[PDB]
Amino acid sequence: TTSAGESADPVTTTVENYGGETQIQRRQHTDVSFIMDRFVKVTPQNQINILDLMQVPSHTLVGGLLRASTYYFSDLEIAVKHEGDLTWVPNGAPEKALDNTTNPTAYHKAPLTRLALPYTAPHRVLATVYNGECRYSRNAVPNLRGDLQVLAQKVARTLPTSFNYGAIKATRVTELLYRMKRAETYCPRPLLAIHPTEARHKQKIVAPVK
Amino acid sequence: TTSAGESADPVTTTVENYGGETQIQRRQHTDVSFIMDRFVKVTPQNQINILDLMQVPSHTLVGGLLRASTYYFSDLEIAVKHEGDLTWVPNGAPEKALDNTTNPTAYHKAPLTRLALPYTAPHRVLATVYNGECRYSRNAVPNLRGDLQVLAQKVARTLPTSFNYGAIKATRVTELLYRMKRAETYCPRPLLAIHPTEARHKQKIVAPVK
Amino acid sequence: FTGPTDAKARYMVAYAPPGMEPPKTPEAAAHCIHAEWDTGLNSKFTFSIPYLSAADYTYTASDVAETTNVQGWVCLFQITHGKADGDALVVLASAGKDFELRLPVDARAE
Amino acid sequence: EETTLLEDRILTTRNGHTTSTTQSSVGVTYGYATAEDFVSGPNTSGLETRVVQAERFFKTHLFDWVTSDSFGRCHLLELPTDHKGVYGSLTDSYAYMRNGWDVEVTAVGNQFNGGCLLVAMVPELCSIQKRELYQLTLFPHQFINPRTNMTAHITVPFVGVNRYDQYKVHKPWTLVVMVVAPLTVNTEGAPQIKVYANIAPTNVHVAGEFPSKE
Amino acid sequence: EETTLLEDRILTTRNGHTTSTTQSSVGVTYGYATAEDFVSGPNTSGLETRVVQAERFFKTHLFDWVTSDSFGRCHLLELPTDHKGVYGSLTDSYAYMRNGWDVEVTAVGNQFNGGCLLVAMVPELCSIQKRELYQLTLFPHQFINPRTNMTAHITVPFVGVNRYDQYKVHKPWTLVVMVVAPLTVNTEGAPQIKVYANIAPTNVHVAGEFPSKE
Amino acid sequence: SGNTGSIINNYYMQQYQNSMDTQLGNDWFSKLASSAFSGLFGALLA
Amino acid sequence: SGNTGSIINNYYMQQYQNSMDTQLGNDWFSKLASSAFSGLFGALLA
């Protein structure tokens, strides 16, 4: 079909335009709740770990797809391999609270601890990217204009301190995995495949035996 | 609003007085039964431990809030890490009963023993503070009058012997935690935050990663 | 107000929200949400400090001046007085009808 | 579309006492929603007010599209930007604010020019790698292509982790104009095209009145 | 009136998000009318708007009433005066304006002072001879007399040969406080009484938006 | 009723899991916080 | 509703297993993908 390309109104043609037939599609696997709901390993800190979803590497399935949203919501599960007992403290806690056992503490039971945690941030939703500051006592943020170069001022910014699901602490934490529960994603952002050197990106794919 | 300040009748204004709007509040977390119902660690005695809620440090959440009531009621859970078998005996027992196994004795099963215990005191309610003596054979308590100084006579007083949930004994008890069940609190008493040196008490609060 | 009967005064309380420096004068403070009252039969005046923040909740603990932990200032001014020199105004605070505390934490402290 | 050498795709947008009319319209792009969400939440305690006098067009120059600009040349404008009018004075009189944006971008040369511009409204734009520019169409956008049109119009709502913003520390939206195909002038096109924005804040709400400096 | 050594003639005035309360009230004086006249006339061609955010109290010191001031000592305040807040910014953003005034004047000493103050709202006050001060009660007024009260409250509408004003060249109202009987302090009164105004513009309407300096 | 969140009934009898309460024959501070004067004691102008 | 596939109800209350959501007062990209022009803009011969 011809259309006005400048418009931005989505145009979806079908193989019927030249005598084919559109088939049925079952899209259960590209549903945000389902695909986000699997564990992903993170490299832990020896002892204090603040629970921050932006810790999962950007190349992973969950890191890739979490960064393709601007704002998101979820509850959380973690599974942790640790020495001693594991204490978790909600968003907003003083870090010295990590040492008090009335705060949710799980006693060591081999091989690991898996916990269901609530969303505790003070915000209706959290963001993978945030164009601003949370420290007050500063000078105002500039209203930047210019080309892409102008965006290099922002690289030393850390995401607001309120963007976390609390923190956990144990004597040694050896392994940490996150799993997003009931996930919601808003405002898509770029998702990048590997860029090939060749005409086609080629990989050894799993094939029979000999 | 203006009111008679001397009265003591509570006066609760709202932001409506200058055009705002009072919002809804969900107060499930400052409910006495819920907040009192979490374990808190106590420093155990090597062998005999009498179960006395006034053993939980005053600075903890449960110690802080238990001391903000005059009279209280609850059942109890304990979790105990111990060598040997753990015997518990009710309020009023001879201490030599702690060595007889027909009294509730739990046989060692790693890593710890968690028990539901009833309130056993002979009083309808117990108190965090008690202005008097339980030993008879004495001379009568004075009717003190005077300023705060007069209260220094009372410092050598121990809470009545009947104020306990029994006692437990094992060969070595290594860890003891209490958890108040079905708690009721009567007559509020002072609850003190930390006093700051500065204008605001500042603490490292749990923030993202880098 | 705790002064004698022949001691008169007029006061102002203003809520100064974050993002600029708190007012130093009743006149600068006039542009905030504020209330003014004077002494008379009734010794007490009560004022609701409003919850105004970007987020829906804010922190009870403080760290370093940020969005989530400082919520501006409350400013108590004296407009004038007539012979109230030395008299005390005593102030108390209580929770409003929609005051809400959530997320228990034990953090050493009292 | 409609008729001989010039056109009747004709739109007049009104924002306050200011109007803008194009005869080469192509329509408006609504981003992420058709309406704003709730303006009156718990975080303002009923103290917020609409200030209808700020809902009107202000103007800024963006850049000059010339034949040496290549695919991926961008110009960003973070929003809000400096406004020396009644919107601008709101940001110094109230601690918290929220508004969406009705955005109109112009690139007038003539129909003998070639090349193409993508105009887009991106939230929380902190960084954009070169390869991601191939997916900028993920965002609320419209093209300016000389043979068809000279105006792009995008209308977008307030977005944010918080229902009211503090604009002195956070910029929710960035207007980005990107060159997708380089400008061609041939013998009859305009030697270059200056790109201008005409922007109106929509639904502006303020809360939390500041002291003065008096 | 109402009770023992102090009093319950108790009034709370609200203007915007600002309140003022007195326990020695005496009531409010309405001058010339109970309502404003029509706000929407031919001279603004339907282009005028109300700006409710300016309707709130601002404060200024007037003078210090001392025992040496004699009958006829006055302090004038022309209205509008300098306002460094949102009302003040309206006068620089719009060519034409109209609003009435809700005026509250305070003179707190104590009930052991004597003497008397007349507070009045005079239109077009260009000159006042001494003998005319005997007829200042012709104007919207109220007294402050220590043995009874510490507050005067006058509420007055917009008045003028024209339905909208240009405040950079004309001042429709002047607040005047006049000493009618000299202050007495005896052994127990306040040594002097500072006089303060708490003023709110009411019904502010603006028309004719100015350029910026950009 | 405190911090308990099981959806099935206790395997043990209530006579066993808890002490039993007896009768003879919120509460005060709820009544007290509800009784609070929320109004205005002046007369309101405007 | 994501990747969960148990046929019996959770032993714990929903108030415990998850945060509870509140109201004030697919979605966009579903509506957007449904709105797509699927036709032809010419006139069709044969």
Side-chain angles (χ1 to χ4, degrees), chain A residues 100-107, chain B residues 27-42 44 49-57 60-82 86-93 103-104 106 112-128 159 162-168 173 175-188, chain C residues 104 106, chain F residues 1-23 26-27, chain G residues 11-13 15-16:
Chain A
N100 307 333
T101 274
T102 291
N103 296 112
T105 302
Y107 278 45
Chain B
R27 298 179 169 179
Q28 294 71 24
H29 292 348
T30 53
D31 185 83
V32 174
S33 273
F34 173 90
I35 195 78
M36 294 321 261
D37 197 354
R38 46 243 323 133
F39 286 106
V40 53
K41 188 189 247 58
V42 153
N49 271 94
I50 84 98
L51 299 185
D52 163 19
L53 255 33
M54 291 316 285
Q55 270 162 212
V56 12
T60 64
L61 179 162
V62 185
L65 246 36
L66 177 65
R67 283 161 181 83
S69 68
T70 309
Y71 308 105
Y72 66 92
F73 175 83
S74 67
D75 286 322
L76 198 65
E77 272 182 35
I78 54 173
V80 183
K81 277 190 163 136
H82 57 95
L86 181 72
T87 299
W88 164 78
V89 118
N91 178 300
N103 296 112
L112 53 95
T113 296
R114 118 113 124 165
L115 263 37
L117 292 180
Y119 173 91
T120 52
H123 307 286
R124 79 243 262 229
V125 99
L126 291 181
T128 58
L159 232 37
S162 46
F163 287 26
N164 74 67
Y165 284 77
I168 62 164
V173 0
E175 230 181 76
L176 168 68
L177 321 185
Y178 299 128
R179 147 112 89 154
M180 286 178 78
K181 287 315 299 192
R182 303 158 67 188
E184 302 175 355
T185 54
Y186 307 74
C187 302
Chain C
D106 189 343
Chain F
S1 39
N3 178 217
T4 38
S6 320
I7 57 147
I8 62 92
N9 45 232
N10 216 269
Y11 182 92
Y12 300 97
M13 290 177 351
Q14 204 236 299
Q15 213 192 8
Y16 277 81
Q17 192 73 221
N18 286 100
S19 50
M20 299 307 288
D21 289 357
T22 66
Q23 306 327 282
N26 230 13
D27 239 14
Chain G
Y11 182 92
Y12 300 97
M13 290 177 351
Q15 213 192 8
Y16 277 81

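All chains are named by letter (A, B, ...) in the order of the sequence lines, taking the proteins before the strands, and each is independently numbered beginning at 1.
Contact of the B:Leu112 side chain with the B:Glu175 side chain is not registered, since no non-hydrogen atoms from C-beta on lie closer than 4.5 Å. Counting heavy atoms from C-beta on, the side chains of B:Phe39 and B:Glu77 come closer than 4.5 Å. A heavy-atom distance below 4.5 Å is not found between the side chains of B:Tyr178 and B:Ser74. In this structure the side chain of B:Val80 reaches within 4.5 angstrom of the side chain of B:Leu176, judged on heavy atoms.
With a 6.0 Å radius and a threshold of 12 heavy atoms from other residues, nucleotides or ligands, G:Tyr12 has its OH atom at or below the threshold. For B:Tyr71, the OH atom sits in a loose shell: 12 or fewer heavy atoms of surrounding residues, nucleotides or ligands are nearer than 6.0 Å.
Taking 4.0 Å as the cut-off between side-chain N and carboxylate O, F:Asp21 and B:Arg182 count as a salt-bridged pair.
B:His29 and B:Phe34 have parallel rings, their planes meeting at less than 30° on a 0 to 90° scale where 60° marks the start of perpendicular.
In terms of heavy-atom proximity, B:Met36 sits nearest to B:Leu66 at CE-N, 3.4 Å. Across B:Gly166 and B:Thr120, no two heavy atoms sit closer than the pair N-OG1, 4.3 Å. Minimum heavy-atom separation, B:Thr185 to B:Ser69: CB-CB, 3.8 Å. The two atoms that bring B:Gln55 and B:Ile50 nearest to each other are OE1-O, 2.9 Å, heavy atoms only. Of all non-hydrogen atoms in B:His123 and B:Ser162, the two that sit nearest each other are NE2-OG, 2.9 Å. Contact detail for B:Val56 and B:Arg67: the closest heavy-atom pair is O-NH1, 2.7 Å.
To the nearest 0.5 Å, atom OH of residue B:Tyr119 and atom CG of residue B:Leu126 are 3.5 Å apart. To the nearest 0.5 Å, the span separating CG on F:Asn18 from CG on B:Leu117 amounts to 11.0 Å. Between the OH atom in F:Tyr11 and the CD atom in F:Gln17 there is a gap of 13.0 Å [rounded to 0.5 Å]. Distance OG/B:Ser33 to NZ/B:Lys181: 9.0 Å, rounded to 0.5 Å. Distance check, rounded to the nearest 0.5 Å: CD1 of B:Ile168 to CG of B:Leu86 gives 5.0 Å. Taking CZ from B:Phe163 and CG from B:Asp52, the interatomic distance works out to 10.5 Å, rounded to the nearest 0.5 Å.
Under 3.5 Å, the side chains of B:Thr60 and C:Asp106 contain no donor-acceptor pair of N or O atoms. Side-chain contact check for F:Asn3 and G:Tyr16: at least one donor-acceptor pair (N or O, by modelled atom type) lies under 3.5 Å.
With B:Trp88 contributing its side chain and B:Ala106 its backbone, the two residues share no donor-acceptor pair below 3.5 Å. Panel note: side chain F:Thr22, backbone F:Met20; no donor-acceptor pair is recorded below 3.5 Å.
Screening B:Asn49, B:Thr113, B:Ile78 for a side-chain contact (heavy atoms from CB on, under 4.5 Å) involving B:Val173 leaves a single residue, B:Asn49.
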